[PDB]
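Asker:
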Ligand SMILES: [Mg+2]
Ligand SMILES: [Mg+2]
Ligand SMILES: [Mg+2]
Ligand SMILES: [Mg+2]
Ligand SMILES: [Mg+2]
Ligand SMILES: [Mg+2]
Ligand SMILES: [Mg+2]
Ligand SMILES: [Mg+2]
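What follows is the structure in structure tokens.
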């Protein structure tokens, strides 16, 4: 039901352009040069221009590297992807006949902010790691999971181009390739940022104001319990390797009774928050909200970085980290 | 306002018994034998009986090691601490004249479940690490934070006994010693288990049921986003070393806008949960609830481990971990 | 999908102990002695000690009858089952190698109050009759329904031991054997006692206080309508033989219009009571409530038998039954 | 705690440019030319181009007057300040080394709409008068209050540059200089426009509709009571000179009982409006609302000037002012 291996025969002998030499563009082009392809770097005249030339490539302009290529990969950030697509790549794709356009994110295509023509294939390969964990894993010989999806179907060879790049960048064999969509890629990525990450940061911030202002706990002793000691980054290492419920048997018996009995008690309070944030993404309403913040000139993003770093909990964290040598 | 150094002169030449050779007893007795004290092991006739004799000690009985000692340390778990105190140590402490009783937890004394006489000192030294991170730190020459507190004051040397054991087990110099209470030690330890740990596990469990049952995401692709990839144990390593708001500048600009604007929106919903769980602990009502679960014979603890490990999210995690080699 | 016949060949030639000679122990051991097995009685030195010796058996002690046996049946009440298991049977089961432990109830094992070792099989055969209707049925040659379930699986012959005792006590052939669980046996038994039996007794008690105190009906004429005439035990005999909706065509046409139109009107009021009482059982919360009533010394059970038998409806029932010769 | 005098020695001998010759630019440059500085006018080629040349100055271009200057003052309106800063002044400030940028408003800098470099000082001098009351008070020899604030601190001379312009434009000596912020300057200015000014205009508009439509008061007699007689501009002249509670003793005794007893009765109704409007400003949400009204092309500003000047209260005010000779 999931993919474990593929071919590399559909994409042999042809030119594989890579636009952008940022963080994701360096690792994915390094493992393709070892597998023996024709990989060229299309980069803006930047500081990355020299650092991609002395690493053993040939570097060009963006709209020129699409003219030579037959399969291009758009590894540039999502904030600048829209205004450099219409100015550089969009005049060139109408001068081609067949093309394969590849995306590492699913945000600008699921919400219709970038609409390629009908003469091109649009596929997606999306790694679930960070990039500074992938180069440190390629020396071993293992892989990493990816998510595949196809939006516009032109050739009939569309699904067998996507599996081959999953085997060309060093994900399979050794990892999992799951068949997904463009809309299910963008929903799951913006559900982590909206549902369980701001409830976690807002509950450690709320434990600090109840302990210090109501019960008279010292401001230097509340920090060492909640997050300034690395006990949250120790019980999270066991989740990745043993399970989420099976890492609980290495705790006290008093700890398992208070965690299990309260997880089932506050379950339908936090379920009503996830139902409302997933409806706000799926209709396209968050993509309109963040597209009008970038046009007003970020007035709310600026005032919420001021109110967070100049608070009571962050002003006391600064001194305690000026005392443990960090 | 906090302690950075102490002496070892009040506790030189005298016998320092250690009751229990579990996890916390092995590390704390090892760093005291190197500092040059008279450390004896009081252990039950167990599997730890041999393993503490071949490690270079002298093992005895529990009520005999209190007769020889003058400063005893009770590094035994809190579940069995009450019924082995009244049967072994309580008949002996009335036969002494002066004694220093030391506790690594603040649960049984803050709620009055163990009440020592008026002829004894009662102090507390409570390390904020795990034990399997402390022995791996002793070869460096560094320290770790501790919390000090005094319940019953007999000598007048009561506060200067507590600082010396903080320097005798290898915490200071190099770390922090914070002055605290027995009641503020037990409040902060049961606020992690009741407020932000079951909110976090119940929000990843609720993201899985909304994504799979409403939007048609695959059961093997929802797991790789939320917790089965080690991205929760990567962004938690930066919290311990850089801060909680300063680790966010290594994320995307779209990720900081969705985290900051929702952390301030769901702040008074999760603040009403922390106000109610801290009142339930401070009155002593959780200590009555967990003391009557152990007497009925754990009927609710047994039925909540069945309903958690036989759910929809844990039955699919078993298969995916039977596919990535874990 | 259900069982209609089995064998008796797995349990021939071996000793079948029966613990307790109460109501369920007398009937089940009588139909097994006729089928030709080795049935011994393990009874406390009681009044049943003589009455099981003159009925043609050999009576022993409880912990001695487990030493001789290989398949034991625990037909003792659930109130005393826990404190006579740990004192008598639990020291002996570790001295065996293979054993089959059999239960006629599913209460103490589903909620984890009795946890046998991993070296033993645990099965269940649960008859849905009374015992004083089974001995009066054995002369006919018919059967009665039973429920089978297996908790811990050791041999692989575990499911074929359970079917054979269903045929050995005289249930099949001629009746139904349904495959069930230990948790589904305890849920359905405590749903009759909590949902539809106290609603029925509390609605005849509420018809008596509205008729007598508001409309001036005589206290001796309200009783003869609601329950003191045997019409509730006449329309219930047709439910067992004809159906629950098909017994209504032997009533008046005015009676079927008032029963059908009000059964659909009060259906979601009584559905909210059953949803809440089934959640209170499944989590294990009723087993904690009844285990702490037996430890306080029954103070609420004593005061609710006083308030029920000294009420207005029970004081007037006493005189009317002192007038019809009952 | 407040400032009463300063120096003029940090800013002697150097060039003080003034951008814009509007209302605030004409008065502030006139009192600086008398104090003996080097004041040049940077104005757009406008109608003010001639009117600032015949008044005894030297007029230039905007980006040329920043090249000559060393301390520039931006006395231009806030609506056009953003799009003439990035086109003219922003290319020049990177060609300098040290500069002092001065602002008479705190709107565009507090909300991050104009972010100067790190090589420049940013200060603020904000007068609390009108401009057509300041020139009429320069012939007397008096002063007027101002608010000082510093955003980015570069040289260490930043706070003593701000006090000297407070003495150089003719505020101190004789007036008050209060030390404030950029965020506290923008909060207090938009709290007058949002809280107590639209409540006042909406309560005289609501007195007119209740008196005329319910009680049959003439439309020409309701106007002469509420605002068309100059009694609101008479009891407001005593607030500035005598107090807000001490001007009430020149009223009737019936008037003081109805004002005092209702001011304390409707106090928590109007306190809930001020709490909500001050949270909407501080987060930066009003700055996003007014920045997207100017981009849609003012569709709501146009329709609310139509609905206000074509109402029942403004159509009858037009005729009554066509009868008293106004
Ligand atoms: Mg993620
Ligand atoms: Mg992302
Ligand atoms: Mg903790
Ligand atoms: Mg603990
Ligand atoms: Mg029943
Ligand atoms: Mg029963
Ligand atoms: Mg104002
Ligand atoms: Mg203004």
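Chains as they are written, first to last, in PDB author numbering: chain F, 3 to 328; chain E, 3 to 328; chain C, 3 to 328; chain J, 3 to 328.
By construction, the Cβ of each residue, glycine as well, lies at the ideal position given by its N, Cα and C atoms.
Please check the pair residue 108 (chain J) and residue 187 (chain J), which I expect to be a contact at CB under 8 Å, by giving their CB distance rounded to whole angstroms.
Answerer: Your numbering for residue 108 (chain J) matches position 106 in the fourth chain. Your numbering for residue 187 (chain J) matches position 185 in the fourth chain. Confirmed, Cβ separation roughly 3 Å.
Asker: Please work out which residues of its chain come closer than 6 Å, Cβ to Cβ, to residue 276 (chain E), disregarding the five sequence neighbours upstream and downstream, and give them in chain order.
Answerer: As a first step, residue 276 (chain E) must be located in the second chain, where it is residue number 274. Answer for residue 276 (chain E): 197, listed in chain order.
Asker: I'd like to confirm something about residue 162 (chain C): is its beta-carbon nearer than 7 Å to some heavy atom of ligand 5, or not?
Answerer: Within the third chain, residue 162 (chain C) is the residue found at index 160, counting from 1. Checking the Cβ of residue 162 (chain C) against ligand 5 gives no.
Asker: Compute every distance between the C-beta of residue 121 (chain J) and the non-hydrogen atoms of ligand 2, then say whether any falls below 7 Å.
Answerer: As a first step, residue 121 (chain J) is located in the fourth chain; it is residue number 119 there, counting from the start. Not so, every heavy atom of ligand 2 lies at least 7 Å from the Cβ.
Asker: What I want to know is whether the C-beta of residue 231 (chain F) ends up closer than 7 Å to one or more non-hydrogen atoms of ligand 5.
Answerer: Walking along the first chain from the start, residue 231 (chain F) turns up at place 229. No, Cβ of residue 231 (chain F) sits at least 7 Å from all heavy atoms of ligand 5.
Asker: Identify the contact partners of residue 305 (chain F) in chain J, using a Cβ-Cβ distance below 7 Å as the criterion.
Answerer: Mapped onto the first chain, residue 305 (chain F) falls at position 303. Ordered by position in chain J, the residues that pass the 7 Å Cβ test against residue 305 (chain F) are 113, 285, 286.
Asker: Please report the Cβ distance between residue 245 (chain F) and residue 314 (chain E), rounded to the nearest whole angstrom; I am assuming they are in contact, meaning their Cβ atoms lie under 8 Å.
Answerer: The residue given as residue 245 (chain F) occupies position 243 in the first chain. The residue given as residue 314 (chain E) occupies position 312 in the second chain. Going by Cβ atoms, the distance from residue 245 (chain F) to residue 314 (chain E) rounds to 15 Å, so no, they are not a contact pair.
Asker: Going along chain C in order, which residues have a C-beta closer than 9 Å to the C-beta of residue 297 (chain E)?
Answerer: Counted from its first residue, the second chain places residue 297 (chain E) at position 295. By Cβ distance, chain C contributes 293, 294, 297.
Asker: Indicate the three-state DSSP secondary structure (helix, strand or coil) for residue 303 (chain J) in the structure shown.
Answerer: In the fourth chain, the residue the question calls residue 303 (chain J) occupies position 301. Helix, per DSSP.
Asker: Find the nearest neighbour of residue 10 (chain C) within the set C:43, C:170, C:101, judged by alpha-carbon distance.
Answerer: Working through the third chain from its first residue, we reach residue 10 (chain C) at position 8. Looking at the Cα atoms, C:170 is the closest of the given residues.
Asker: Under 8 Å by Cβ, that's how I've got residue 164 (chain E) and residue 152 (chain E) pegged, so tell me the actual separation to the nearest angstrom.
Answerer: Along the second chain, read from residue 1 onward, the residue named residue 164 (chain E) stands at position 162. Along the second chain, read from residue 1 onward, the residue named residue 152 (chain E) stands at position 150. Between residue 152 (chain E) and residue 164 (chain E) the Cβ distance is about 6 Å, and since that is below 8 Å, they are a contact.
Asker: Can you list the residues near ligand 5, meaning Cβ strictly closer than 6 Å to any non-hydrogen atom, in the order they appear in the chain?
Answerer: Chain-ordered list of matching residues: C:191, C:194.
Asker: Measuring alpha carbon to alpha carbon, tell me which of E:200, E:203, E:147, E:48 ends up nearest residue 327 (chain F).
Answerer: What you label residue 327 (chain F) is simply residue 325 of the first chain in a count that begins at 1. Nearest C-alpha to residue 327 (chain F): E:147.
Asker: Using 8 Å as the cut-off, can you tell me whether the region 200–213 of chain F makes contact with the region 128–135 of chain E, which would need three or more C-beta pairs spanning the two stretches below that distance?
Answerer: Judged by Cβ distances under 8 Å, the region 200–213 of chain F makes no contact with the region 128–135 of chain E, as fewer than three pairs qualify.
Asker: At the 8 Å Cβ level, is residue 198 (chain E) part of the contact set with chain F, yes or no?
Answerer: Here residue 198 (chain E) refers to the residue found at position 196 when the second chain is read from its first residue. Yes, its Cβ sits closer than 8 Å to a Cβ of chain F.
Asker: In chain order, what residues of the same chain lie with their CB nearer than 7 Å to the CB of residue 119 (chain J), ignoring the 5 residues before and after it?
Answerer: Working through the fourth chain from its first residue, we reach residue 119 (chain J) at position 117. Counting only Cβ-Cβ distances below 7 Å, and skipping sequence neighbours, we find 95, 96.
Asker: Give the DSSP bridge partners of residue 128 (chain E), in chain order.
Answerer: As a working mapping, residue 128 (chain E) is identified with position 126 in the second chain. DSSP, once it has assigned bridges, lists E:149 as partnering residue 128 (chain E).
Asker: Give the residues of chain C in contact with residue 300 (chain E), contact being defined as C-beta atoms less than 8 Å apart.
Answerer: The sequence position of residue 300 (chain E) within the second chain is 298, counting from 1. In chain order: 114.
Asker: Just confirm the distance between the C-beta atoms of residue 193 (chain F) and residue 29 (chain F), as a whole number of angstroms; I'd bet it's less than 8 Å.
Answerer: Along the first chain, one-based indexing puts residue 193 (chain F) at 191. Along the first chain, one-based indexing puts residue 29 (chain F) at 27. At roughly 25 Å, the Cβ-Cβ gap does not stay under 8 Å, so residue 193 (chain F) and residue 29 (chain F) are not in contact.
Asker: Taking the straight line between their C-alpha atoms, what separation do you get for residue 231 (chain J) and residue 6 (chain J)?
Answerer: Looking up residue 231 (chain J) in the fourth chain gives position 229. Looking up residue 6 (chain J) in the fourth chain gives position 4. Whole-angstrom Cα-Cα distance: 40 Å.
Asker: For residue 75 (chain F) versus residue 104 (chain F), is the C-beta spacing smaller than 8 Å?
Answerer: As a position in the first chain, residue 75 (chain F) is number 73, starting the count at 1. As a position in the first chain, residue 104 (chain F) is number 102, starting the count at 1. Yes, they are a contact pair.
Asker: Quick check on the DSSP output: what are the complete alpha helix (DSSP H) runs of length 4 or more inside the region 176–259 of chain F, in order along the chain?
Answerer: Qualifying alpha helix (DSSP H) stretches, in chain order: 185–193, 199–216, 225–228, 239–244.
Asker: In this structure, how does DSSP classify residue 136 (chain F) when only helix, strand and coil are distinguished?
Answerer: On the first chain, residue 136 (chain F) is found 134 positions in, with the first residue counted as 1. Three-state DSSP puts residue 136 (chain F) in coil, outside helix and strand.
Asker: For the region 264–271 of chain C and the region 273–292 of chain E, state whether three or more C-beta atom pairs, one from each stretch, are separated by less than 8 Å.
Answerer: The region 264–271 of chain C vs the region 273–292 of chain E: no contact.
Asker: Quick one: does residue 228 (chain F) have its CB under 8 Å from some CB of chain E?
Answerer: As a working mapping, residue 228 (chain F) is identified with position 226 in the first chain. Yes, its Cβ sits closer than 8 Å to a Cβ of chain E.
Asker: Taking 7 Å as the cut-off, is the C-beta of residue 182 (chain F) nearer than that to any heavy atom in ligand 2?
Answerer: In the first chain, residue 182 (chain F) corresponds to position 180, counting from 1. No, the beta carbon of residue 182 (chain F) sits no closer than 7 Å to any heavy atom of ligand 2.
Asker: Determine, for residue 289 (chain C), whether the minimum Cβ-Cβ distance to residues of chain E falls below 8 Å.
Answerer: Within the third chain, numbered from 1, the residue matching residue 289 (chain C) stands at position 287. Taking Cβ atoms only, chain E reaches closer than 8 Å to residue 289 (chain C), which makes this a yes.
Asker: So residue 242 (chain F) packs on residue 238 (chain E), CB below 8 Å; how close in whole Å?
Answerer: Along the first chain, read from residue 1 onward, the residue named residue 242 (chain F) stands at position 240. Along the second chain, read from residue 1 onward, the residue named residue 238 (chain E) stands at position 236. Wrong, their Cβ atoms sit about 11 Å apart, outside the cutoff.
Asker: Who are the Cβ neighbours of residue 1 (chain J) in its own chain at under 7 Å, not counting the five residues just before and after it?
Answerer: There is no way to answer for residue 1 (chain J), as the model of chain J reaches only from 3 to 328.
Asker: Can you give me, in chain order, the residues of the region 68–94 of chain F that have a beta carbon less than 8 Å from any beta carbon in chain E?
Answerer: Listed by position along the chain: 79, 80, 81.
Asker: Tell me, to the nearest whole angstrom, how far the beta carbon of residue 184 (chain F) is from that of residue 251 (chain F); I am working on the premise that it is less than 8 Å.
Answerer: The residue given as residue 184 (chain F) occupies position 182 in the first chain. The residue given as residue 251 (chain F) occupies position 249 in the first chain. Contact doesn't hold; Cβ gap of about 40 Å is too wide.
Asker: Please report how far the alpha carbon of residue 290 (chain F) lies from the alpha carbon of residue 80 (chain J), in whole angstroms.
Answerer: Within the first chain, numbered from 1, the residue matching residue 290 (chain F) stands at position 288. Within the fourth chain, numbered from 1, the residue matching residue 80 (chain J) stands at position 78. Each residue's alpha carbon lies about 27 Å from the other.
Asker: Can you name the residues that DSSP bridges to residue 74 (chain F)?
Answerer: Position 72 of the first chain, counted from the start, is the residue given in the question as residue 74 (chain F). DSSP, once it has assigned bridges, lists F:19, F:103 as partnering residue 74 (chain F).
Asker: For ligand 3, I want to know if residue 227 (chain F) counts as a neighbour, meaning its beta carbon is within less than 7 Å of at least one of the ligand's heavy atoms.
Answerer: The residue given as residue 227 (chain F) occupies position 225 in the first chain. Yes.
Asker: From residue 312 (chain J) to residue 199 (chain J), what does the alpha carbon distance come to, in whole angstroms?
Answerer: Translated into positions along the fourth chain, residue 312 (chain J) becomes position 310. Translated into positions along the fourth chain, residue 199 (chain J) becomes position 197. When rounded, the distance between both Cα atoms is 21 Å.
Asker: Exposed or buried, which one is residue 121 (chain F) when buried takes at least 16 other CB atoms within 10 Å?
Answerer: Reading the first chain from its first residue, position 119 is the one you call residue 121 (chain F). Exposed, by the Cβ-count rule.
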